Every structure is written in structure tokens, then in C-alpha cells.
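*Asks:* sequence and experimental coordinates follow.
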Amino acid sequence: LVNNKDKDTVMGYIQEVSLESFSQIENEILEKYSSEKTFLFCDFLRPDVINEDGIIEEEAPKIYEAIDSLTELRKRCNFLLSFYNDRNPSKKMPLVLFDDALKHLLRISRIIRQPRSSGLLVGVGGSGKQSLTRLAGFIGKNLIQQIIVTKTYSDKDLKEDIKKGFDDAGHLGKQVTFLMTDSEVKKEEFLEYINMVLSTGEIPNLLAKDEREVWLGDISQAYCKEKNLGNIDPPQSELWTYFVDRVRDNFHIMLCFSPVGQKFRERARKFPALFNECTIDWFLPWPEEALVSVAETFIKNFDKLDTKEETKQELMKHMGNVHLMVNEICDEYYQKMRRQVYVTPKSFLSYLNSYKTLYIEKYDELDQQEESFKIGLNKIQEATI
Amino acid sequence: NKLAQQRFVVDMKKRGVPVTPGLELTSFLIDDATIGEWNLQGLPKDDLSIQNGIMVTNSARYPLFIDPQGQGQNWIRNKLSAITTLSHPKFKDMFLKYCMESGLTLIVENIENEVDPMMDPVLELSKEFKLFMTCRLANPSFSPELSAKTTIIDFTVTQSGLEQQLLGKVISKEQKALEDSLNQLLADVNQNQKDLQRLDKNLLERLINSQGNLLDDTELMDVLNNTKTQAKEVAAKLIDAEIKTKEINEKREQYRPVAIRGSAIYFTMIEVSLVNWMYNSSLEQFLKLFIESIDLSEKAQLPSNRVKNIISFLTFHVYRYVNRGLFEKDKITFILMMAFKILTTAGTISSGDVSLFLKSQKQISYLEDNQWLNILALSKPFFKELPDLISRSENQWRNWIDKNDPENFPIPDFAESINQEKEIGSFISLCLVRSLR
Ligand SMILES: Nc1ncnc2c1ncn2[C@@H]1O[C@H](COP(=O)(O)OP(=O)(O)O)[C@@H](O)[C@H]1O
């Protein structure tokens, strides 16, 4: 749902209906969960800690549920961020973790984990969905691959990549994920092939080019125990049935589109299954609370020389104000001059970098000059005495 | 500056956090020595180019210029370099690896919103390598994320800098002796600004070279006298600031009207490109035409009279050049725009009155509903003061509206003196002619 007000009314509906059915402990629900305070954040990896007894991954964490808390959530998130840093060379991922970002990672987890699930993610660029999904997939052990558009833009790359994906989620049976975005579409046709992949999963004569039987024959050894026909025998077509079962059970699809432009809406209308099967999630732009949070995360480590109580908090506030404003200036420029202008949180981060760097530079340089103003005071003092 | 500055300072005032009055952004950012060094390297001497050079200097990320004219390409061609195009089979493979493993700086000059995807992951491992790349056609349609990666700078020339550039080029071609005097005194006064800087160095030397026992150095007395001597040459430089700001200025005042006209002409012929594609041309062709016009007819004798002859001849030359490309239905229009863009500066014709001339009944009874639409059109300075009994006399102007060629022989006597003055009386007559007939 697009506007937070729409959210507020559905939660009002929920509270009303909960009171309607729960006509026997209604005051207790009002005290505890119908209250707008945060309640029962459900998660899988935070609640249990590996503890690194003899090996790092000592034991698979309990997986089913977690409780409400924000502190340990962020601490394990930062823990994990350090891990992801040393897993990937040149990760280069200064992800800032604020409350809404934590919730968004939680939602990606909710969809990716589920057997036979997928979720369309919408939001303007810079919302970070493409950045968030990398961690969200690494925690879930899922492999990830993107499509690369060669100098010649064609179709075979898609087919071979999907073949490898199935054979990861089929014969080998590993867990995978797929990260198509607007960069990974060059014409419609890609959308058609993926559409049928969501629906059926059988590519016409990609796997049946005199190969389906050798690959299936490389799998029946698992079938001897998996379906367990008294460890006696099996059949032939039923193996393909189990194969489509496996691949659709472990081929999650993560699509991330733009909300703006021209092509998105009629692309959705072209292919029904796309918006139909997948879950849908919005990412609104960051509100002032998030921005002041980022400002203090970057000013705490940068308040070495800028020491002033009761002015720092107003500083971070005013910096948020500056960002919200350059949004409006962008809008006005496009409105009058019909010339396109955009913005991203990356530029805000770069702006903080410039602030810190040129401030330490000018602080130190001009204060060595002001040290020289004090050397002038020393000259005056020694002359006078 | 304006919008952003008022914007930030109102934020600061509402926030009540303290801030200093006065921007002076360029002054306390870069020492003017490097500014002058760039001005030797072809950086235009005016404000907008100064902030632009700062912006490239900061180099937060690799930049990408909107470049209608080519200031950035020439600047980078000169700034520290003294090249490989995007479209080349060797470029994608060869030029990349050379620059990426030995730092050749790999300039590119043919962005048209179409990116070979291999360009990007190179963008985001020799530690001696940079890269500047720029566009050509104005009004880009860059993707949101192409704004995410690189900084964007607009080098859209303003007319304001344009008249100074044309002023320099006319001072060149009309007689080189003017440039001899110009560059001579200019080098002298630049060096005298550096002599004020040397005075400052002398003060600093006097102040901290000894760093103790300054007073026991009785040579400090000589040092104090030395300070005075340097100020004396500054006084000569001070006198030169007058001798400059009149003499060269009047030598420039003979020509800075011309430059104004030149700039006006250019910003006229820009907009016809938006009227239709294929009416597109550079500044460079215009520069060749301008320099030529000076050569063609400029100098006979009587320099002020030859300034007036500039204003006669240059206009016709550029005018005919553009007409050779124009189409029939656009013939009248280009000349019309030229007239307006001429008068938007000297005569200070209101854009509101221009829109009155472009866009636009109870009182009168004889005239037509097709005509009464026009009465209400004219009705809504003295347009809303003379539709009354003056206009409704109906004595002799009935013949007038009947007469063909209303403007010429049967002139309106509604405002005879206003039509007589003619400084704006033309434009008044024309607002009348359009609204009525
Ligand atoms: N939460 C964040 N904090 C700081 N920078 C971010 C954040 N999210 C995204 N970015 C910046 O935006 C860039 C692109 O992020 P991406 O995941 O592509 O966003 P989107 O998917 O909305 O385009 C990243 O390289 C990163 O520098």
C-alpha cells in the first residue's frame, strides 16, 4: 500500500476485528499487542546464536520464531555485516542499518525463505533493495547469479543460465535465488520465458534435448530413499514429476522494478502471473527520523573537533532538512524547465564524506593559522613584559 | 546561487543555529594563484567558470558534463594533459587495459545516453589512473542511476560571459596594438597583485622568521622601512587600477556594446534549434563569422563611426548566413525574434508586454461579436484607459476600419504623440494592429 495512511486504516481494521472476535480477553490484547508499540518481530537467525564452540557454524540456529527486540537485532546485524565484509572481496557495502531498513531485510527474509515463494519489490532507485537482497540471500545460503548483456544482446545466455539454475536446484538440489532487474531486460521475450518459468518450469526442449533421461538417471539414487517405494523400485515419468517438484521447490525469484517511467504498468498487464503469484512490497522514501539517525551515526565518529552540546542535535536535524529540501528543488526545476534531475542517498553519504574531510582539512589549516594568531598574542605578550 | 542560498539561510534562521552573513564561496576555498594558473590554461575568467573549476577540483566522483559549447573539453585538453573515442573496436579492449594498468587517463567525448555496458563495471586496479568523460548534445536524459554514479556539471554558456569572450576577440582582431597595451598592463598589474602577495610574505617573514629576538635585531628597522617601500609600488599599481579602469574600459566601451549585440544574436540563434531540429550550429562557426566581419569592413578611420558600422554590418552578415538554411514559413519568424532579443536589453521591453503582443462586449455596439472578442481581448498601460468615449466616438475611424492598409495612410490619432515618439511607439502601434485587425 502506497501511503502510510492506508496502512494506518488497515491496522485500525485489524484492531477492531481482533476486539470483535476476542471478546473474552479484549483488555489484555489492548494492553499488550493491540498497542501501537512494537510487538512480536518474527525472525529466524537472530533468536539463536551459533556460539562458535569448536567451529564457527557450530549448530544450525533454531529457525521457527523470534521475539520483539531491537538491540540484539542490530548487534547481530553488525556482526553479520563484518562477516559479509570478509566473505566477499571488495564488498564495498557501507550499509546503514536503521529501523525501516531492518524491517525491509526482515520482509525479504520472509519471502525468500518460504518454500515456493517469490516477491516483487518496487521502489525508486537508491532505496537499496538490490543492496539488501545480497545479505538476505547470503544468510539463507542461497546462491545468486545475475545476467550480463553482452556486446550482442540475444537470448541464449538466458537459456544456459536457467539450465544451470535448475541443475543447481534439481540434480544437485541446492538452494538458489534469481535477481532480475530492469538492467536484466532488453526486450519483452525475456519476460515471457520467465513468466512460464513461474508458471510451469518446463522449458520446451531445453532439458529434453536427449538429456532429461541422463540427468534424471543421475537422481534416482536419491529417489530410492526419498519417496521410499519400500526400497524396491520406481517408474520413469514419475521421476520427472519429482524433478519439477524439486526445482520449483528450490528456485526462488526476486524481481526488482522501477515504479516510474512508462513500461512497468503495461508490462504488468501483459503478463498476469507476474504480479499475481509474487508478493508485493513498497519502499517509501526515507522520512526525517531515518535521516537524522544516519546523520548521528556519521557525526558520532566525526564529532572530534566539532564539540558543542545542544547544537549537535540541531545540526543533524538541519541536515535532514537540507536533504528533504533538495528533493523539492529538483521537483521545481523539472516542473519549470522540463529538464530531468534525480537524487540518491549515495550523494548524501558522499556529502557527509566531503563535510568530514574538508572540515578536518580547513579546521586544522585555518587553526594552525589561528595558532599563528596566538603566536601573535605571544609576540604581543613577550614585547609587553 | 540565489535559490539555493536563500533556501539554506532560511533553513538556518528557522533552525536558529548561528551562521555567518555573506557567502563568498570561492574566496575562502582556493588560493587565487591556482585560479590565475588555470586562467593561463584557458579557464574563462568569469564567476560561473570559477565555481565550475572548483567543482571539478573537489572530484567527489568521476564527472560528466553537459557541454553545449566545449569549455570542459578544451579545459581538460589543456589543464594538465598538455585521447581515445568510445566507438572503436580497439577502445573496448586495448585502451581500457592500458589506462587501467598504467594510467593514461582515457578521455571520452561521445556520450549520447547510450552506454556500452562494459563501460560501467570498469567505473565501479592501477592507483595512478583517473578518467574524465563528457557529453555533447544539451538537455540530457540521463538515467537516475547515471546520476547516482557520477557528478553532473552544466557548462551551458551564459550570455554574460559570452560578451567578455567576444570582447577579447574583437580587441584582438580590430588592432593588435590594443591587445599589446591590454596584455602589457594586465601582466604588469597581475604581477603587482603578486607583489602585494610578496608584501604579505615579507610581513610573515618579519613576524615568524626570527621567532624570538625580533627586537634585538635592529635590522628590523630596515625591515619596517622595507614594508613601506613595497606599499609604494602598490600605490603605483593603485594608480594603474585607475589608468586601467578608464582607458582600457573606454577602449572596451567602444566595443562592449558590440559584444552585447553579438551575445544577443547568439542567444537568438540558439532557440531556433528548438523551433525545429536541423537549425543547429556551433558557436565556432559563429566565431568565424564574427572575426571575419571585423576583417571585412571594420576599419576605415574615425573609430566611433566604425563602431556604428559594426552594428550595421555584423547583424546583416550573421542574418544572411542563417537565412541560407531557413524555410519559407520560418523566414519572417527568425527576423522577428532577432528584433525582440535586441530590444529585451536596451529598450527593456517587458516580457509581460511581449506575451500581451502574442496572446490576449458591453461598451461598443456597432462592431462585431468577432470584434467584441477583440475589444475584451485588448481591454483586460492606457489599453485599459482608452476604450471609452474616446474610442467610442465613431466619428472618422469607421472609414479607418473600412480602409485597407489601416496602418499606413489613415494613421490612428488616438495617441498621436505616443506614435510620434517612436522609442516604443512602434510596439504600441503593433499591439493595436494585432488586437484590432
Ligand atoms: N541504506 C543505504 N545506506 C547508504 N547507501 C545506500 C543505501 N541503500 C543504497 N545505497 C546506495 O545506493 C546504491 C545503489 O543501491 P541499490 O541497492 O541499487 O538501490 P536500488 O535497488 O533502490 O537501486 C548503492 O551502491 C549504495 O551506495
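*Replies:* It's in. Numbering: from 1, shown residues only, chains lettered A, B, ... in the order given.
*Asks:* past the strand or helix carrying residue A:167, which element shows up next along the chain?
*Replies:* Here residue A:167, judged by DSSP states H and E, is contained in helix A:156-169. Next helix or strand after helix A:156-169 toward the C-terminus (DSSP H and E): strand A:176-178.
*Asks:* contacts for that following strand, please.
*Replies:* By C-beta atoms under 8 Å, 6 or more residues apart in numbering or on different chains, the surrounding residues in contact with strand A:176-178 are A:112, A:133, A:137, A:140, A:142-145, A:165, A:168-169, A:250-254. Just so you know, the C-beta spots here come from the backbone N, C-alpha and C atoms, and that holds for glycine as well.
*Asks:* and the following helix or strand past it, what does it pack against?
*Replies:* Using DSSP H and E, the helix or strand that follows strand A:176-178 in sequence is helix A:189-199. In this structure, helix A:189-199 makes packing contacts with helix A:156-169, strand A:252-257, helix A:272-277, judged by 3 or more C-beta pairs under 8 Å, 6 or more residues apart in numbering or on different chains; DSSP states H and E.
*Asks:* may I have the phi/psi pair for residue A:180?
*Replies:* phi -70, psi 140 (degrees, to the nearest 10).
*Asks:* okay, now the closest residue to it other than its chain neighbours: neighbour count?
*Replies:* Counting by C-beta to C-beta, 6 or more residues apart in numbering or on different chains, residue A:180 lies nearest to residue A:255, which is 5.5 Å off, once chain neighbours are set aside. A count of nearby residues for residue A:255, using other C-beta atoms under 10 Å in any protein chain shown, gives 22.
*Asks:* separation between residue B:32 and residue A:84?
*Replies:* Residue B:32 sits 48 Å away from residue A:84, taking C-beta to C-beta, to the nearest Å as the criterion.
*Asks:* secondary structure class of the residue most central in space within chain A, three-state.
*Replies:* By C-alpha atoms, centre = their mean, chain A has its centre lying nearest to residue A:132, at 2.5 Å. For residue A:132, the secondary-structure state derived from DSSP: H, G, I helix; E, B strand; the rest coil is helix.
*Asks:* who's in contact with the residue nearest to residue A:311 when sequence neighbours are not counted?
*Replies:* In space, residue A:311 comes closest to residue B:17 once its chain neighbours are excluded; the distance is 6.5 Å by C-beta to C-beta, 6+ apart. Taking C-beta under 8 Å, 6+ apart, we find residue B:17 in contact with A:311, A:314, A:315, A:318.
*Asks:* got a ChimeraX select line for the buried ones in these?
*Replies:* Only the buried entries of the contacts of residue B:17 go into this ChimeraX selection, using 16 or more other C-beta atoms under 10 Å in any protein chain shown:
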select /A:315,318
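*Asks:* which of the contacts of residue B:17 fall in helices?
*Replies:* Secondary structure from DSSP state H places A:314, A:315, A:318 of the contacts of residue B:17 in helices.
*Asks:* leaving out the residues flanking it, which one is nearest to the last one?
*Replies:* So the one you mean is residue A:318. What sits nearest to residue A:318 in space, not counting adjacent residues and going by C-beta to C-beta, 6+ apart, is residue B:15, at 4.8 Å.
*Asks:* how close does that neighbour sit to the ligand?
*Replies:* Separation of residue B:15 from the ligand (C-beta to the nearest ligand atom, to the nearest Å): 24 Å.
*Asks:* residue 8 sits in which helix or strand?
*Replies:* By default, I'm working from chain A. Using DSSP H and E, residue A:8 falls in helix A:4-21.
*Asks:* look at chain B instead
*Replies:* In this assignment (DSSP H and E), residue B:8 forms part of helix B:2-15.
*Asks:* fine by me, we can end here.
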